[PDB]
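Report on the structure given below.
Here is the naming used below: chain letters follow the sequence lines, and residue numbers restart at 1 for every chain. Hydrogens, waters and symmetry mates are skipped; everything else that's a heavy atom, side chains included, is used.
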Amino acid sequence: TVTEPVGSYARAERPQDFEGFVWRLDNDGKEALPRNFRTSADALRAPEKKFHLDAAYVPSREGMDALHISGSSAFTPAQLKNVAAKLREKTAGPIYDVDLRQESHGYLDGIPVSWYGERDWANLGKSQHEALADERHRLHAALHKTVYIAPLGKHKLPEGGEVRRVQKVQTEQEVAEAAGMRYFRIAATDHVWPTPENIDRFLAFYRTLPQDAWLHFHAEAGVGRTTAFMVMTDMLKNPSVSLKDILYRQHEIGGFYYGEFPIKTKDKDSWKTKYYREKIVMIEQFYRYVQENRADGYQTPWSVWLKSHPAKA
Amino acid sequence: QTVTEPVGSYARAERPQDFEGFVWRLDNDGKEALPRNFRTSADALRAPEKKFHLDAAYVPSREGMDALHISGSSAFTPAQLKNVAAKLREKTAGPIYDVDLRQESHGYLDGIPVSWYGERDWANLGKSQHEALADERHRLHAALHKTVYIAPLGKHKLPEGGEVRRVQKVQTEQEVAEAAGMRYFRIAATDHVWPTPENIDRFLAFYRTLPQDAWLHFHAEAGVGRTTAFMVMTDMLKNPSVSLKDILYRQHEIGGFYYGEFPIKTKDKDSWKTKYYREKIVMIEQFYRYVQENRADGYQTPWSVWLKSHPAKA
Ligand SMILES: O=P(O)(O)O[C@@H]1[C@H](OP(=O)(O)O)[C@H](OP(=O)(O)O)[C@@H](O)[C@H](OP(=O)(O)O)[C@H]1OP(=O)(O)O
Ligand SMILES: O=P(O)(O)O[C@@H]1[C@H](OP(=O)(O)O)[C@H](OP(=O)(O)O)[C@@H](O)[C@H](OP(=O)(O)O)[C@H]1OP(=O)(O)O
Ligand SMILES: [Cl-]
Ligand SMILES: [Cl-]
């Protein structure tokens, strides 16, 4: 008997050791667009050296022009309006803000904030319902109260920031709707592979989409969770493209590289090592799920298939 | 005709809702054996600080200092208070009081001294002492078994670094004082401003019933403004024959603030403090007058009552 299967390593961590303690500033609002903004229509750039890839390899762009997805970090309401306008130039279909954040977040006086616990794991272990209830309660409790909002600096701890008495509170759903985007939430934990529940939820949602839907994915930084769902969408929509091409091209338009690479973390971040290894293994397993289940139209969900076809370290 | 706020009460014009608490501030890092600015009335006088533009050649009278029996300091960890108590016990066989002058809610989380800090350290501004202590009791209790962020203030008087911990023990300063072998007395005085008539009436009633050999250890957060104000008050009350100049010079020269006139200079960001420094200078003078004019009948008239009939002038 195995306590936690591959793909579920985070279930072994204790939520009580990462409880939220500060309203973290998610974006300072200085730039017109959020960080790491990219779309599937973008030109491929040279790969980042840390992934030790072949800079001479040219991945297939088959299906990219029709993929219709984008990704970014968190944003201020003004930045999201800029994103929405930019994306409307590319499609006449519904544009979705696909919020991948498990952490409670929202807007206080229009400032994007999140209730941050160590490793951004303040809602670790909570069901999506419980995470969203926490978020609603916390945002409502901030109205007309004094809050401390701060960017994280040295040691991933607050440094500087501002103190204000809040006059307006909004959820991201409200901000997305104000920007003209549809909204869909998947509560995925920062830094780790999305859970079978997260992925089943995404696949059920994907199946409901009209042909011309545009998906704008984001979490906090626009790297791990954001690229994971962009990669899964590319695999689902372009199943004839090789795994190597999908991973190279999603990295080369500005995302994380989800293939094998020599992992090296700073000593203070050594806890991340096994989670990067787990993601590499799980990306391969998701590709296998798509290849094995697309012909019959996915009559068995990812969670069930993964239980009978466990991933191996 | 009607004056909204008299001299001595300027802080009543400030709006409490603009300075609400937002972080557990680290009050002392615990690295030294004693709290900062620790001094006693038995100490030798040192040269005055240049910023006060005093006469370095002046030799203040030490009349009554040997029997004064008071000390002052900044906030402290429990270990530091035990070291203070041991040092004071070498100087007296009477009861030693921890006279906590802090209006801000504070206490100890896992033995770490913290305070609920709002801008200007005014998180309990405008509250009665009853309300301030109720806030403190509730906040300390609510921290038990919960995760808290404790941080020192750095650039811009805002949190910088610090630590995050799940609290396993909570204590009030009263508990910490009793564990150190000291009696405890609380006066909820607001940081940076002249103590209120309510604060001073409370102190005078307390002073009147003290045993002859009581030793009073005063402290607030830094061991400067409120700490020195009450040390000066006590010196004046106990040694009424000593001149105002001697009291102010000597309390400054053993390590306290200088409460007489001086060239007030503030950084632009601290310009709000200017009028409060001026107010403290005139109120120190007014308190000296109260002591001189009310000692003969044994202070039958409370300070608050006397001050309303003899208001200070700006
Ligand atoms: O962008 P920075 O330099 O800050 O590093 C972030 C992570 O990106 P990577 O280092 O490429 O892994 C990013 O994704 P993960 O790979 O899944 O860890 C992670 O979301 C982001 O953390 P947050 O901003 O808290 O959301 C950065 O990681 P840390 O610096 O470990 O926090
Ligand atoms: O110790 P520093 O140099 O940092 O300044 C403290 C104040 O002392 P002074 O500047 O000497 O006036 C001190 O007393 P006040 O004169 O009554 O203002 C004041 O209590 C202390 O604030 P806290 O540590 O927050 O309690 C310092 O004042 P600020 O620097 O304005 O915060
Ligand atoms: Cl769930
Ligand atoms: Cl099934």
Side-chain angles (χ1 to χ4, degrees), chain A residues 146 163 165, chain B residues 1-21 101-105 116-136 157 186-206 220-222 224-230 232-233 236 244 248 257-294 299 301-314:
Chain A
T146 297
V163 178
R165 197 162 214 279
Chain B
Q1 291 294 297
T2 307
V3 177
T4 311
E5 298 301 348
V7 179
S9 298
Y10 291 170
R12 290 187 60 105
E14 301 268 12
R15 203 159 65 154
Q17 81 164 311
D18 294 341
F19 308 92
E20 303 182 329
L101 304 169
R102 303 179 76 182
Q103 181 182 60
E104 60 274 17
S105 291
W116 187 240
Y117 182 84
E119 179 182 342
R120 300 187 189 175
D121 198 15
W122 286 359
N124 281 335
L125 181 73
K127 297 191 172 73
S128 63
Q129 181 156 321
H130 174 67
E131 290 165 345
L133 278 55
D135 174 274
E136 173 175 283
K157 275 285 182 169
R186 180 67 167 277
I187 294 169
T190 304
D191 199 351
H192 312 298
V193 308
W194 178 251
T196 62
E198 293 80 9
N199 287 159
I200 296 178
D201 280 357
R202 179 170 169 81
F203 177 62
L204 295 175
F206 163 77
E221 173 72 327
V224 183
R226 293 167 285 184
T227 304
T228 308
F230 280 90
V232 164
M233 283 184 230
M236 291 179 179
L244 177 57
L248 300 184
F257 189 72
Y258 173 68
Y259 264 123
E261 301 185 67
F262 75 98
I264 302 164
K265 298 176 182 178
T266 55
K267 301 265 192 176
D268 292 341
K269 59 176 179 54
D270 293 316
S271 60
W272 64 268
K273 302 188 78 173
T274 310
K275 75 174 194 177
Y276 291 113
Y277 282 119
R278 297 195 317 268
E279 176 178 46
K280 289 193 284 186
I281 288 161
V282 295
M283 293 308 300
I284 282 284
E285 293 161 1
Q286 200 69 354
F287 188 77
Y288 183 81
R289 297 190 181 95
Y290 169 79
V291 171
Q292 296 300 308
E293 299 179 9
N294 291 274
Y299 303 99
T301 300
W303 158 252
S304 59
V305 171
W306 184 89
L307 182 64
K308 284 182 199 179
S309 50
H310 304 73
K313 306 185 183 65

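- Between the side chain of B:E14 and the backbone N or O of B:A11, no donor-acceptor pair lies under 3.5 Å.
- In this structure, B:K280 fails the cation-pi test against B:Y259, since its NZ or CZ atom is not both closer than 6.0 Å to the six-membered ring centre and inside 45 degrees of the ring normal.
- Between B:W122 and B:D18, the closest side-chain pair of non-hydrogen atoms is not below 4.5 Å.
- Within the 4.5 Å cutoff, the side chain of B:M233 has heavy atoms near those of the B:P195 side chain.
- Checked by atom type, the side-chain pair B:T196/B:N199 shows a donor-acceptor distance below 3.5 Å.
- A donor-acceptor pair shorter than 3.5 Å can be found between the side chains of B:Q286 and B:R289.
- With contacts defined as side-chain heavy-atom distances shorter than 4.5 Å, the pair B:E104/B:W116 does not qualify.
- Between B:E136 and B:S105, the side chains place no donor N or O within less than 3.5 Å of an acceptor N or O (distance only, hydrogens not considered).
- Here the closest non-hydrogen pair linking B:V224 and B:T228 is O-OG1, 2.7 Å.
- Between the CZ atom in B:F262 and the CG atom in B:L248 there is a gap of 12.0 Å [rounded to 0.5 Å].
- In this structure, B:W194 and B:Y277 have side chains that are not in contact, with every pair of non-hydrogen atoms separated by 4.5 Å or more.
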Please evaluate residues B:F287 and B:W303 with respect to the criterion ring pair (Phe, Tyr, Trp, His ring centres under 6.0 Å), reporting the C-alpha separation (whole Å), side-chain torsions for both, the decisive distance (0.1 Å), and the verdict.
CA-CA 8 Å; B:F287 188 77; B:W303 158 252; 5.3 Å; yes
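- When all heavy atoms of B:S304 and B:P197 are compared, the closest pair comes out as CB-CB, 3.8 Å.
- Side-chain contact between B:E221 and B:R226 is present, with heavy atoms from C-beta onward closer than 4.5 Å.
- Side-chain N or O atoms of B:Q129 include one that pairs as donor or acceptor with a backbone N or O of B:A188 at under 3.5 Å.
- By the 4.5 Å heavy-atom criterion applied to side chains, B:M283 and B:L307 are counted as neighbours.
- Between B:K313 and B:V282, the closest side-chain pair of non-hydrogen atoms is not below 4.5 Å.
- The structure places OH of B:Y117 at 10.0 Å from CZ of B:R120, a figure rounded to the nearest 0.5 Å.
- Under the salt bridge (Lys or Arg N to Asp or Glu O under 4.0 Å) criterion, B:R278 pairs with no residue, sequence neighbours left out.
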